[PDB]
Amino acid sequence: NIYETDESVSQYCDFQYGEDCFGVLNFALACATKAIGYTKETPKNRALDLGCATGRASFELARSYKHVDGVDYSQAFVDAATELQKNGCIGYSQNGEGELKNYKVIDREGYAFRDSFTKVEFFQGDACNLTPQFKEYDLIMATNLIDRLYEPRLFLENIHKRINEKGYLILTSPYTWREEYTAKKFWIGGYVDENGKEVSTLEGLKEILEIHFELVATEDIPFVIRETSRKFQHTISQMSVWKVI
Amino acid sequence: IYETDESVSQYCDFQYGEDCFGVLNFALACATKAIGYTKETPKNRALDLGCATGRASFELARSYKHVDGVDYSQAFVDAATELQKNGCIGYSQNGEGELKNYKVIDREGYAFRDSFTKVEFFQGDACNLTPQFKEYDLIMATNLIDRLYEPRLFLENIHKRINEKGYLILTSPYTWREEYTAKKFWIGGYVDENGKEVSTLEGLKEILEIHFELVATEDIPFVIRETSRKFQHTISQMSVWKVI
Ligand SMILES: C[S@@+](CC[C@H](N)C(=O)[O-])C[C@H]1O[C@@H](n2cnc3c(N)ncnc32)[C@H](O)[C@@H]1O
Ligand SMILES: C[S@@+](CC[C@H](N)C(=O)[O-])C[C@H]1O[C@@H](n2cnc3c(N)ncnc32)[C@H](O)[C@@H]1O
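In the annotation of the PDB entry, chain B is listed under the name 5-thiohistidine N-methyltransferase OvoM and assigned to Sulfuricurvum sp.. Per the PDB header, the title for this entry is "OvoM from Sulfuricurvum sp. isolate STB_99, an ovothiol-biosynthetic N-methyltransferase in complex with SAM".

Taking the PDB entry as the reference, chain A is identified by name as 5-thiohistidine N-methyltransferase OvoM belonging to Sulfuricurvum sp..

Set out below in structure tokens:
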């Protein structure tokens, strides 16, 4: 699992807690902020940050929610988030030219979320088969998760059972389906079906989710993730907001 | 309708498609900067080494009497030659997943249409250039050195192909990787045996200052599309070298 490697841990520490690039705002804060707004009429007792990686969006959701669970399949990601939460700091290696690295520190006390980090709990877990304790959520937010899932339907077709009535499921994805993560037969979109029609992922999401959800809003949210000091990925993820029916 | 493949299509889109995120076309920017740095040189012969689908060759032909564009990839060379000859090529832009958007490049849609007959495209290797590729007032090799297995083989001899007072202009984001370059051949981006970090610009000075003077450096951004929603946004460093 690439998500268990230290380079991957360092990459997501930088993306989630490092400095903004090319004028693009921090992605985890943008998503959590937009998610809180979309759910402003809800009780805001329990939220789930699914695929939380190094946990930045869990901390941000906890500024508004009474309890936040951060879940990720990578134990390495979970350890890093927990270490920052409990020790108050974590270090990471920022990439430079070639193999060169720059040591950086993330200080929990340098961020506004320092007022709410005890309302978070991080767990290792599988989004496609969550254990029963992860239930009764007002909000379930899964940013850039579905196109990394071995079988996205296992999560999507069942997630409504974990959300309270009038609760929300908020997804984002750039829809970068790849066989290294998901067999083509399981791509939600980005394929030509057996009748020569082009299936968009949002269409495939409507088909799965409109059984139990109403689609409330979509919006494009850019993000930049560093690869080296000179090479970056600059991506436009699509957020979709679903209200339990 | 000449049709290009995915690798060629990516460079077709990158070199001839629309500007992404407000970033100026990379090939035009590099050629324009090269022209600016060489304004007191003769303007007879320019080599665009690693020219891919040839946009910078066309752009350099607006100022030089003759421009050679050379690339290792025959497929890249044929795309450029086709756009030069027939005036149009088609390519497959990537969208979501496997979905593709077909696009057409029209030679007459660009200002370099006034100079395209002054370019010749060839297949060739920067580390083993044929002897006819000589007597250049300018050799421009953008984003090439960190794609070479042994870049020093190209760099230590290249002054032989450049006229007196001529220029060597390089760009690179210095993304040294063992899949392209043997670690022992990395010009920078590594820790030497004494624990000191070697910068690629310094490695370049060590190789090139035998026969060149470093005149200028400048950061140039570019955006290359990978899908409809995913793009690589990179800052390449241009270095400008005048032959002694
Ligand atoms: C592209 S990253 C997105 C991370 C974070 N949500 C963000 O937006 O930056 C995908 C994340 O999903 C996690 N993940 C992948 N498959 C998973 C699964 N089956 N269950 C839970 N998390 C998973 C990965 O470990 C990784 O942290
Ligand atoms: C990263 S692309 C840069 C292309 C273009 N100059 C630009 O700036 O976008 C590297 C290019 O160099 C070419 N190339 C790779 N190895 C080469 C070699 N040994 N000799 C000549 N061209 C080579 C590749 O085919 C490709 O077109």
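As a further point, take the overall build of chain A. Scanning chain A from terminus to terminus reveals 6 helices and 11 strands. Here the C-alpha radius of gyration of chain A, 18 Å, is about what a compact globule of 245 residues would show, namely 18 Å. Along the first, second and third principal axes, the C-alpha atoms of chain A reach 50 × 40 × 35 Å. In chain A, the share of contacts with a sequence separation of at least 24, taken over all contacts with a separation of at least 6, comes to 69%.

Another point: unusual backbone geometry. All names here are of chain A. With phi around 50°, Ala 53 is a residue other than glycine that occupies positive phi space. Position of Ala 53 among the secondary structure elements: in the loop between β1 (46-50) and α3 (56-61). Judged by its relative accessible area of 7%, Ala 53 is buried.

Once that is clear, we can look at the interface of chain B and chain A. In this assembly, 31 residues from chain B lie in contact with 31 residues from chain A. Of all the elements in the fold, those that place two or more residues in the side of chain B that touches chain A are β8 (190-191), β9 (197-198) and β11 (230-243) of chain B. Sort the elements by how many residues they give to the side of chain B that touches chain A and β11(B) lands first, with 8 residues. A per-class count over the side of chain B that touches chain A returns 11 nonpolar, 12 polar and 8 charged. For strand β11 (residues 231-244) of chain A and β11(B), the ladder comprises 5 bridges, and the chain directions are antiparallel. Bridge pairing links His234(A) to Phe231(B) in β11(B).

Next up on the list: the environment of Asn129(A). Take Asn129(A): it is sitting in the loop between β5 (120-124) and β6 (137-143). With 30 residues separating them along the chain, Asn129(A) and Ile159(A) place their C-alpha atoms 9.7 Å apart.

Another point: helix α2 (residues 27-38) of chain A. Residue and element names in this part refer to chain A. If you check α2, its first and last C-alpha atoms are 16 Å apart, about what 12 residues at 1.5 Å a residue would give, namely 16 Å. Regarding α2, the residues found buried are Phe 27, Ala 28, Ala 30, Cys 31, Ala 32, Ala 35 and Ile 36. Considering only its buried residues, α2 is in contact with α1 (6-17), α3, β6, β7 (163-173), β10 (213-226) and β11. Measuring from the backbone nitrogen of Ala 28 back to the side-chain oxygen at the start of α2 gives 3.2 Å, which picks out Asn 26 as the cap.

This next bit is on the pattern of salt bridges. Applying the stated criterion across every chain yields a total of 18 salt bridges over all chains. Residue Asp220(A) pairs with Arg229(B) through a salt bridge whose shortest N-O separation is 2.8 Å. Of the two residues, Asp220(A) sits in strand β10 while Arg229(B) sits in the loop between β10 (212-225) and β11, which places them in two different chains. Accessibility expressed as a relative area gives 46% for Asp220(A), which makes it partly exposed. The class of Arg229(B) is buried, set by a relative accessible area of 14%. In this structure, the salt-bridge partner of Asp219(B) is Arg230(A), at a minimum N-O distance of 2.9 Å. Taken together, the residues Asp219(B) in strand β10 and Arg230(A) in the loop between β10 and β11 connect one chain to another. Members of the salt-bridge network, linked through shared partners, are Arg108(A), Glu109(A) and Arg114(A).

Moving on, we come to the side chain of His234(A). Along the chain, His234(A) turns up in strand β11. A residue is classified by how much of its surface remains accessible, and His234(A), at 5% relative accessible area, is buried. At 3.0 Å, the side chain of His234(A) forms a polar contact with the side chain of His233(B). What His234(A) contacts, discounting residues up to four positions off in sequence, is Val24(A), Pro222(A), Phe223(A), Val224(A), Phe21(B), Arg229(B), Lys230(B), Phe231(B) and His233(B).

Okay, the site of ligand 2 next. Residue and element names in this part refer to chain B. Not every one of the 16 residues close to ligand 2 is listed here, only the nearest: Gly 50, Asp 71, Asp 125, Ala 126 and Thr 142. Take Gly 50: an N or O atom from its main chain is 2.8 Å from a nitrogen atom of ligand 2. In the model, an oxygen atom of ligand 2 is placed 2.6 Å from a nitrogen or oxygen of the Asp 71 side chain. Look at ligand 2: alone it shows 590 Å² of surface, and the protein chains cover 89% of it. Of the residues assigned to the shell around ligand 2, the class counts are 9 nonpolar, 5 polar and 2 charged.

Residue and element names in this part refer to chain A. Among the 18 residues in the neighbourhood of ligand 1, the closest are listed as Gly 51, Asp 72, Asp 126, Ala 127 and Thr 143. Between a nitrogen atom of ligand 1 and a main-chain N or O atom of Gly 51, the distance comes to 2.8 Å. The contact in question runs from an oxygen atom of ligand 1 to an N or O atom on the side chain of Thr 143, over 2.7 Å. When ligand 1 sits alone it has 590 Å² of accessible area, and the protein chains cover 95% of it. Counted by class, the shell around ligand 1 contains 10 nonpolar, 5 polar and 3 charged residues.

This part takes up helix α2 (residues 26-37) of chain B. Residues and elements named next belong to chain B. For α2, which comprises 12 residues, the first-to-last C-alpha distance of 16 Å matches the rise-based estimate of 16 Å (1.5 Å per residue) to within 8%. All buried positions along α2 are accounted for by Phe 26, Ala 27, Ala 29, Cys 30, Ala 31 and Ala 34. Turning to α2, the residues buried within the fold contact α1 (6-16), α3 (55-61), β6 (136-142), β7 (162-172), β10 and β11.

The next thing to look at is the packing of α1(A) against helix α4 (residues 75-87) of chain A. A pair of packed helices is characterised by two quantities: the angle between their axes and the separation of those axes. Residues and elements named next belong to chain A. One way to put it is that α1 packs onto α4 with a least axis distance of 10 Å and a crossing angle of 50°. Relative to α4, the element α1 is oriented oblique. Considering the relative orientation of α1 and α4, their crossing is right-handed. Residue-level inspection shows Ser 8, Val 9, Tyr 12 and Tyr 17 of α1 in contact with α4, the latter providing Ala 76, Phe 77, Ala 80 and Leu 84. Of the residues belonging to the contact of α1 with α4, the class tally is 7 nonpolar, 1 polar and no charged.

Conventions and cut-offs
- Residues numbered from 1 in each chain as written, not as in the entry; some residues may be left out.
- Chains lettered and ligands numbered in written order.
- Heavy atoms only, no water.
- Residues with missing side-chain atoms left out of burial classes, pairs and counts.
- Helix = DSSP H or I, 4+ residues; strand = E, 2+ residues; numbered from the N terminus.
- Rg over C-alpha atoms; globule rule 2.2 N^0.38 Å.
- Contact = heavy atoms within 4.5 Å.
- Buried < 20%, exposed > 50% of the residue type's maximum accessible area, 1.4 Å probe, protein only.
- Nonpolar A, V, L, I, M, F, W, Y, C, P; charged D, E, K, R; others polar.
- Pairing = 2+ DSSP bridges.
- Expected span 1.5 Å × (residues − 1).
- Polar contact = N/O pair within 3.5 Å; in protein donor to acceptor, adjacent residues only side chain to side chain.
- Salt bridge = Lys/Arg side-chain N within 4 Å of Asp/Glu carboxyl O.
- Near = heavy atom within 4 Å.
- Areas by Shrake-Rupley, 256 points an atom, 1.4 Å probe, with all protein chains shown as cover.
- Axes fitted to C-alpha atoms, helices over the stretch in contact; angles between N-to-C directions.
- Parallel < 35°, antiparallel > 145°, perpendicular 65-115°, else oblique.
- Left-handed = near helix turned anticlockwise from the far one by under 90°.

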